[PDB]
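Inspection log for the structure reproduced underneath, given as structure tokens.
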Amino acid sequence: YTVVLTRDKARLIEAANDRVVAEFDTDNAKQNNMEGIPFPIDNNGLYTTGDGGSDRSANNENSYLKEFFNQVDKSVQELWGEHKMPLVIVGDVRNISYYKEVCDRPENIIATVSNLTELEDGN
Amino acid sequence: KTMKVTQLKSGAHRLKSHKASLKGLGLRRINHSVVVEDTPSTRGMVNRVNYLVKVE
Amino acid sequence: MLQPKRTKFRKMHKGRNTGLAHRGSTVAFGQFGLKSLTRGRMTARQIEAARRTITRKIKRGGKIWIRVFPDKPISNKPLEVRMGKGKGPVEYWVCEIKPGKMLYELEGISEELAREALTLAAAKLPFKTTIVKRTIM
Amino acid sequence: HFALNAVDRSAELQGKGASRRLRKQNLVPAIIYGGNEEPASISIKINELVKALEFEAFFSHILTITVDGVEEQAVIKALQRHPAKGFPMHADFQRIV
Amino acid sequence: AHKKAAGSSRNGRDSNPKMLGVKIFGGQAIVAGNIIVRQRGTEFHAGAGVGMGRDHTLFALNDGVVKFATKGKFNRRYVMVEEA
RNA sequence: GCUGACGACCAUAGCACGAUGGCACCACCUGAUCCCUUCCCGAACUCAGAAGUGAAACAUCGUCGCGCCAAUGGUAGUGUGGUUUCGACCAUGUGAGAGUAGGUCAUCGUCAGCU
RNA sequence: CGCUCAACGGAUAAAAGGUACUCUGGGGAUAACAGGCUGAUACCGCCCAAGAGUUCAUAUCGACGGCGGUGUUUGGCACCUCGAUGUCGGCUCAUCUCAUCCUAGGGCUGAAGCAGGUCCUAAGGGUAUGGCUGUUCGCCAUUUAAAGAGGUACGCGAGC
RNA sequence: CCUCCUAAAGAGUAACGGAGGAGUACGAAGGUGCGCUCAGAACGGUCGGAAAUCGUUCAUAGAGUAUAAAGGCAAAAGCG
RNA sequence: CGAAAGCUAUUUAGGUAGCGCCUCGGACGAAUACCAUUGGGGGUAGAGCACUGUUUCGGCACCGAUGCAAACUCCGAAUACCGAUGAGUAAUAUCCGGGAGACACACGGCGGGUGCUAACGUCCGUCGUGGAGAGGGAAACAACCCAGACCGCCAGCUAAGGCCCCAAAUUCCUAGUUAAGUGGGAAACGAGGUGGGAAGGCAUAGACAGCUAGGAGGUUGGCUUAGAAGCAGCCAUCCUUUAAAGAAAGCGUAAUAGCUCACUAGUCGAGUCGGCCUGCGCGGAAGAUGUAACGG
């Protein structure tokens, strides 16, 4: 698995060796019966849209990122339970950090790449 | 014929018709006893508030 | 994952699960049944898990019947959403279970192994359960 | 195996509260109807009825209800048991002729 | 709003009440012109002594006592005004 | 005894199946000049009639195959007062639906006609 | 007879914005902080045991499902405060919890030994310094027996 | 503004509750008298079939009702 | 004497107006309320599949079994509501006019919508209480339970709740249960706690347990598999010496091997075994200033 993280979104790719198997978009079978947010997951936090009951002077942004990555890991674990493959975390160093601290099964992580470009638009 | 009806519990917080059944028997307070004719129409008033009153 | 086919209305009122299961309280299809002693909602995920357990234990040698079908759409509000602004979207389907209800029946297999298959299935269900045999009256 | 002892059930042990209060005395209400005369309301002991019901031929044979004296030839027609607890709650008997 | 769930489903309309139903019940005194039933369609049919308006309102054509009955081959509910 | 008209009632009155009826009555039936009909048609409506037949229809009679009606008992619910582990339970008053036993091939009124 | 006077009991025949340059009267009738209620979500724990573990469900891990505990994340509510309860971080100074990071005692082990892994007991002490960034955190360098998780108005501005 | 539900078997009854419609049409689609009965299925029949028109037999309405829905509709309120 | 925090409308939403609710005066006088008997219409709770849907199994959309539904109903209560008749009791009902206030309601039950059958949440309906209500109880505690304070009394009886001490009143009586301080927080689930109740199985033709001896031969059943030899898995459960011994219930081996078990015989000698239901208990059970989850 490739978990692509961003402050704004998360993507999930299934990859065999050096090719992409699937992208985990709206038209997939593995996301049909999901109890969590399906990929691609947008970070539609109340702080991201500017409502909800929080202020920027509270400095809760790191906590918000941690909880968003926790929800991302929930979706990742839900999908992984049906296939059980190792995952590679791609993203900024700080995002990878937050995700590693939040991951429910951090033993299945085999690699982390932080120098990959175009996390949100690249294919 | 007549019967004696006594009030045992307070009627202050009862349903409106139960209060009205007390007042239609003639009962006005706890431990008040009245004598009323023993007809089905009065016995229905006693039945309505049988938890509130006793018949001698 | 059982679910109704086309339905008449997307969303439903909560309702009240009250009373005993006077209907569906008899082993009517197989010889052997798992009956609910308590009331609740039988989610379609729970139905499927207890069906896969039973099937894996009976091993294509017997027959299983499911007497619960999830036909009640249950809505949920998403996180970070205030009260109001309409009724939430449908997320899953439950069956209303009352005490006495059959949930599964087994036929065509040893009583001991059918007992342990239903005992395995009861562990996936949010009900206190009893195991009953089919009677005449 | 096909003979059961019963007791009369009078009009004061009939009704919802009376039936509930009678089942709290380890008794099962039952009605014998059919033949060519009025139905008779009886009460059968719960343990006796449970033991009688254990026999699978009890449902398809001629039974003999002995109500402390007068005796009747009957066939069980209906048996409503508890939906969840499973114990018998009421029995129907049809008088054969 | 994390799972994209809450969204537009606009239905907050409803019409005003119409105050239908039986106005004068069986056995009551009635004077001519009094409305007995306000209804949609002939849920009740006018028997002897009662007429029907353009909106299927049943009203008394004469003084008397209102009677409800089921009669005819269609088992229709009928309201009558008997001269009592 | 039977037939016809108009009603009460609106399945315990219905359906299905079988039998009986032509002296009155009814129904088919004959014809289409005339009255009146057909977006064409004497099919229906209508008129003028009795050669034939109760075939169909209709009426009556028979039955339980279906329908329909339907207890008793129990159960569910429920008003009031109380309790409760909120499922319910207790006292009292009510009391289904479903199902079972069972019932049913209707019952009456006014008038006319044949016997 | 002439109204999408449709904000449809229709303010005028006739009408948009900005204010971080601002101001007044009010409100905890109503939001942002912190408390409270709640516990969906979260975190922790437990139940079942498909499977992985070369064999072997239960050394270790635990798919599909189920049940709790905590208040602890993200939330829900609007009960307290708008005739004022100062916000994040740092500094200083702490105090408590135990779901224990080290040190102590153990059972099991896929425990030869050395090292570990899990779980049980255990809160007496102890539990880095730096580079980056306002950061909390995080990454990194080098250590250490260890660099614990939290509560305390996310402790502490009438202490900085 | 209308229809259903919420609405707890008289009426009424709220929510940024769950579902739909209206802001018309028609001088006949109004009045009356008279007359008629639908949808579907099966069987037979030139083109012609799954389905056109024709004939037969079942068929309380499974149709229609200018339109949303509900309630009604055989004395049809449906169709000439 | 005594509300309201409702309805309708509103550039209205914390304002105001009409109506509702309060008061005063006048008119009228039983037209009002309660209950009994009785005349009504209903589509709710429940129930059901006849319609609209939805659902599972079998036979072949249809037949049969089997479920479910606010916007489904072949049905269908209780209450409630609208009438009639009648007794008793009652500081009634209605109308005209003077003066208002109120149009932020709250909680606890009941029936629902919403929410997560979350919220001291929100929105209706209905009852009670508070508001505007003191007194007693619930440790303390508007809204819960009992009960409505005109004033005075060093009189008595009771309600809810209580009676070992704080603290008024039983260390009261009868029959039991619990050993957990359960009582005096917490579930799935686990267990050989303990009491009770309906039945069963076996037994001096020696029952249960222990101990002693055996537990075998076709055969390593066939297949599959590197290997599958009772014991990975798939397909049968046969026969033989038998007092008995499974084509095996476990441990074990890579597979065999090996150790047990089921079962039988012997020893001993009397009751014993396992399910079902029920009462009360046990574990599951970790938090932050201090015992701190009976007020002590």
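Here is the naming used below: chain letters follow the sequence lines, and residue numbers restart at 1 for every chain. Hydrogens, waters and symmetry mates play no part in the numbers below; they use all other heavy atoms, side chains included.
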Nearest-Å distance, [atom1] ([X]) to [atom2] ([N])?
{"X": "E:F25", "N": "I:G39", "atom1": "CZ", "atom2": "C1'", "answer": "12 Å"}
{"X": "A:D104", "N": "G:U73", "atom1": "CG", "atom2": "P", "answer": "17 Å"}
{"X": "B:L52", "N": "I:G148", "atom1": "CG", "atom2": "P", "answer": "11 Å"}
{"X": "C:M12", "N": "I:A69", "atom1": "CE", "atom2": "P", "answer": "11 Å"}
{"X": "B:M45", "N": "I:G86", "atom1": "CE", "atom2": "P", "answer": "17 Å"}
{"X": "C:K98", "N": "I:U117", "atom1": "NZ", "atom2": "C1'", "answer": "15 Å"}

Please tabulate, one pair per line, each protein N/O and nucleotide N/O from nucleotides 42-45 of chain I that are separated by under 3.5 Å, including the distance.
| from | atom 1 | to | atom 2 | distance (Å) |
| --- | --- | --- | --- | --- |
| I:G42 | OP1 | E:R77 | NH1 | 2.9 |

Counting the atoms with a prime plus P, OP1 and OP2 as sugar-phosphate, which does [X] contact under 4.0 Å by heavy atoms, base, sugar-phosphate, or nothing?
{"X": "D:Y33", "answer": "base"}
{"X": "D:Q14", "answer": "sugar-phosphate"}
{"X": "B:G44", "answer": "sugar-phosphate"}
{"X": "D:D92", "answer": "base"}
{"X": "D:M89", "answer": "sugar-phosphate"}
{"X": "A:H83", "answer": "nothing"}
{"X": "E:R10", "answer": "nothing"}
{"X": "D:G35", "answer": "nothing"}
{"X": "E:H56", "answer": "base"}
{"X": "E:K71", "answer": "sugar-phosphate"}
{"X": "B:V36", "answer": "nothing"}

Under a 5.0 Å cut-off between side-chain heavy atoms and groove-defining base atoms, C:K14 reaches the major
Every protein N/O lying under 3.5 Å from an N/O of nucleotides 11-16 of chain H:
| from | atom 1 | to | atom 2 | distance (Å) |
| --- | --- | --- | --- | --- |
| H:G12 | OP1 | E:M19 | N | 3.0 |
| H:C16 | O3' | C:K85 | N | 3.2 |
| H:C16 | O3' | C:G86 | N | 3.4 |
| H:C16 | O2' | C:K85 | N | 3.1 |

### Message
With a cut-off of less than 4.0 Å, is there a side-chain N or O of A:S63 near OP1 or OP2 of G:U74?
### Response
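For G:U74, OP1 or OP2 has a side-chain N or O of A:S63 closer than 4.0 Å.
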Q.
Side-chain N or O of C:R60 versus OP1/OP2 of I:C235: is the shortest distance under 4.0 Å?
A.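 So the side-chain polar atoms of C:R60 never come under 4.0 Å of the phosphate oxygens OP1 or OP2 of I:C235.
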RNA chain G contacts made by residues 36-46 of chain C, counting heavy atoms under 4.0 Å
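Close to the strand are C:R45, C:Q46.
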Expected list for residues 118-131 of chain C near RNA chain G, using heavy atoms below 4.0 Å, is C:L120, C:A123, C:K124, C:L125, C:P126
* F:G31: syn or anti, with syn meaning chi within 90° of zero? ->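 Here the answer is anti: the torsion falls beyond 90° from 0.
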Please, which pairs that meet side-chain hydrogen bond (donor to acceptor under 3.5 Å, both in side chains) have at least one residue in [range], sequence neighbours excluded?
{"range": "residues 39-49 of chain C", "value": "C:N17-C:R39, C:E48-C:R51, C:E48-C:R52"}
{"range": "residues 86-97 of chain D", "value": "D:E37-D:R95"}
{"range": "residues 68-85 of chain C", "value": "C:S75-C:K87, C:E80-E:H2"}

All N/O pairs under 3.5 Å across the protein-nucleotides 91-93 of chain F interface:
| from | atom 1 | to | atom 2 | distance (Å) |
| --- | --- | --- | --- | --- |
| F:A91 | OP1 | D:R21 | NE | 3.1 |
| F:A91 | OP1 | D:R21 | NH2 | 3.2 |
| F:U92 | OP2 | D:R21 | NH2 | 3.0 |

[M] and [N] as Watson-Crick or wobble pair, distances under 3.5 Å:
{"N": "F:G18", "M": "F:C61", "answer": "yes"}
{"N": "I:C282", "M": "I:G190", "answer": "yes"}
{"N": "I:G221", "M": "I:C163", "answer": "no"}

Here RNA chain H, pairs taken as Watson-Crick or G-U under 3.5 Å and shown with ( ), [ ] when crossing and | when to another strand, reads (((((...........))))).|(.........[[[.(.(((((.........)))))...).[[).....]]....]]]
Evaluate the side-chain proximity of A:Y98 to A:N95: yes if any heavy-atom separation is below 4.5 Å, no if none is. no
Just wondering, do D:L53 and D:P88 contact through their side chains at under 4.5 Å, heavy atoms?
yes
Of E:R40, E:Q39, E:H45, the one forming a side chain to side chain donor-acceptor pair (under 3.5 Å) with E:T42 is E:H45
Below 3.5 Å, does any donor atom in the side chain of [X] face an acceptor in the base of [N], or the other way round?
{"X": "C:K8", "N": "I:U52", "answer": "yes"}
{"X": "A:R94", "N": "G:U136", "answer": "yes"}
{"X": "B:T39", "N": "I:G88", "answer": "no"}
{"X": "E:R13", "N": "H:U6", "answer": "no"}
{"X": "C:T7", "N": "I:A69", "answer": "no"}

**Item:** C1' gap between I:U37 and I:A71, integer Å
**Value:** 42 Å
- request: Taking atom P in both F:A112 and I:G43, compute the distance separating them and give it to the nearest angstrom.
  value: 49 Å
Quiz item: Using 30° and 60° as the class limits, which term best fits the ring planes of C:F29 and C:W65: parallel, tilted or perpendicular?
Solution: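 Aromatic pair C:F29/C:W65 classed parallel.
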Worksheet entry | B:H18 and B:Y51 aromatic ring geometry - parallel, tilted or perpendicular at 30°/60° bounds |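 Plane angle between 30° and 60°, so tilted.
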Atom pairs under 3.5 Å: protein N/O with N/O of nucleotides 55-58 of chain I:
| from | atom 1 | to | atom 2 | distance (Å) |
| --- | --- | --- | --- | --- |
| I:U55 | OP1 | C:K5 | N | 2.8 |
| I:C57 | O2' | C:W65 | NE1 | 3.0 |

- Mark yes when over 12 heavy atoms from residues, nucleotides or ligands other than C:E116 sit less than 6.0 Å from its CD; otherwise mark no.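 Counting neighbours around CD of C:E116, more than 12 heavy atoms of other residues, nucleotides or ligands fall under 6.0 Å, so yes.
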Once base and sugar-phosphate atoms are separated, protein heavy atoms under 4.0 Å mark nucleotides 126-138 of chain I, 5' to 3', with B, S and - as -SSS---------
B/S/- along nucleotides 30-38 of chain G (protein heavy atoms under 4.0 Å) is --SS-----
